[PDB]
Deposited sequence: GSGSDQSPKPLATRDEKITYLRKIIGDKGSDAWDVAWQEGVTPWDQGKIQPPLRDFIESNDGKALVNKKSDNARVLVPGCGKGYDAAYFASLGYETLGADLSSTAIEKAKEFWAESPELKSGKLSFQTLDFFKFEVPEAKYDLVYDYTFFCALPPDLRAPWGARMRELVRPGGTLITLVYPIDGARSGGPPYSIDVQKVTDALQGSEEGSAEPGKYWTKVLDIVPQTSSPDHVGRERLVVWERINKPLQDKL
C-alpha cells in the first residue's frame, strides 16, 4: 500500500531469498524504485559541454552497459544517443517489462538498444569491454558485502579510457537499512579502488536539476578508467 510498506516487505524477501528476491519483487509488482523516467541529472550532464565531450569522442562502436537497468529508462536514453546499449537486469520479469515498455522504440527495433537477463557479477565481459557504464540505483541496491565485487567487476567492464557514470543516490547519512542503502561518494570510491590507482574521478557535482525527492541526496560523479 505505502512505499514504506513495499520497502519493508522488499527487505523481508531479500533476507529470505537473497538475490533471487529480485525477480519475485518484480513479479509481485513490489517495485518502489521504479520512476518511469531517467533521472534529470543524467540528461543534463549529457546535454552539458562536459557530457558533449563524451558523445563526440564516441566511435560508431561505442558500447554502453546499464547494469541493474530495471525497466531500462537509462538504457533506452543512451541508445537514442546512438550508443549501442545493453540493459541488463537479474530479473527476467523486469527485462520482459522493459521489452514491453520500450516496444515502440526505434532502437529496440534496430537492435541498437538491447535488454538481457544477466547477473552483473556472472556474465561474460565481451572482448572489447564497454566505453560507458551508468550505475543508478544499482550500487545502492547491493548489500554492503557486494560493494567490492561490484567495484572489481566495474574495473573489468570499462575499457581503459572508458567512463563510468555513477548517480550516487541516496546520500542519506547513517540510515542502516537497505535496499536502497545509504551510500556516499566515499563508499563508491573505496569500492572502485580496492591514493586510488584504477580510476580518476574527473567530475563530482551536485546536479542543478534533481527530482524533487532527490534534492540534497544525490551527486553525479564521472569516473575515467585508467591503466
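**Student:** Counting from residue 1 of the deposited sequence, where are the gaps with no C-alpha coordinates?
**Tutor:** Unobserved in coordinates, per deposited numbering: 1-11, 206-212, 246-252.
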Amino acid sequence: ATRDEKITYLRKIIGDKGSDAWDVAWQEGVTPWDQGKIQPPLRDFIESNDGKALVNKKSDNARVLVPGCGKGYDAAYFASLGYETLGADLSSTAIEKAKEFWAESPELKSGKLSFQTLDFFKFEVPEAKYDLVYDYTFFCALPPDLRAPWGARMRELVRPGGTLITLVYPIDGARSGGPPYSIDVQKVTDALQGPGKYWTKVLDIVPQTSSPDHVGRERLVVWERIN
From here on, numbers count along this sequence of modelled residues.
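Only the largest set of C-alpha atoms that superpose within 1.5 Å between the two forms is called the rigid core.
**Student:** How do 196-204 and 178-186 compare in 5 other deposited structures of this protein: which one has C-alphas farther from this form after the rigid core is matched?
**Tutor:** Larger mean C-alpha displacement, comparing 196-204 and 178-186 in 5 other deposited structures of this protein, is found in 196-204.
**Student:** Which is higher in the entry, the mean Cα B factor of 155-163 or that of 58-66?
**Tutor:** The recorded data point to 58-66.
**Student:** Could you check the entry and say whether 49-57 or 22-30 has the higher mean CA B-factor?
**Tutor:** Comparing 49-57 with 22-30, the higher mean C-alpha B-factor belongs to 49-57.
**Student:** Out of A141, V125, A103, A75, which shows the largest CA B-factor listed in the entry?
**Tutor:** Comparing C-alpha B-factors across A141, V125, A103, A75, the maximum falls on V125.
**Student:** Of the three thirds of its chain by CA temperature factor, lowest, middle or highest, which one includes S176?
**Tutor:** Highest third.
**Student:** Check where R11 lands among this chain's C-alpha B-factors and tell me if it's the lowest, middle or highest third.
**Tutor:** CA B-factor rank for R11: highest third.
**Student:** When the modelled residues of the chain are sorted by Cα temperature factor, does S110 land in the lowest, middle or highest third?
**Tutor:** CA B-factor rank for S110: highest third.
**Student:** Once the chain's modelled residues are ordered by C-alpha B factor and cut into thirds, is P195 in the lowest, middle or highest one?
**Tutor:** As the PDB entry reports it, the C-alpha B-factor of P195 lands in the highest third of its chain.
**Student:** Could you tell me which third, lowest, middle or highest, the C-alpha B-factor of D204 occupies within its chain?
**Tutor:** CA B-factor rank for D204: lowest third.
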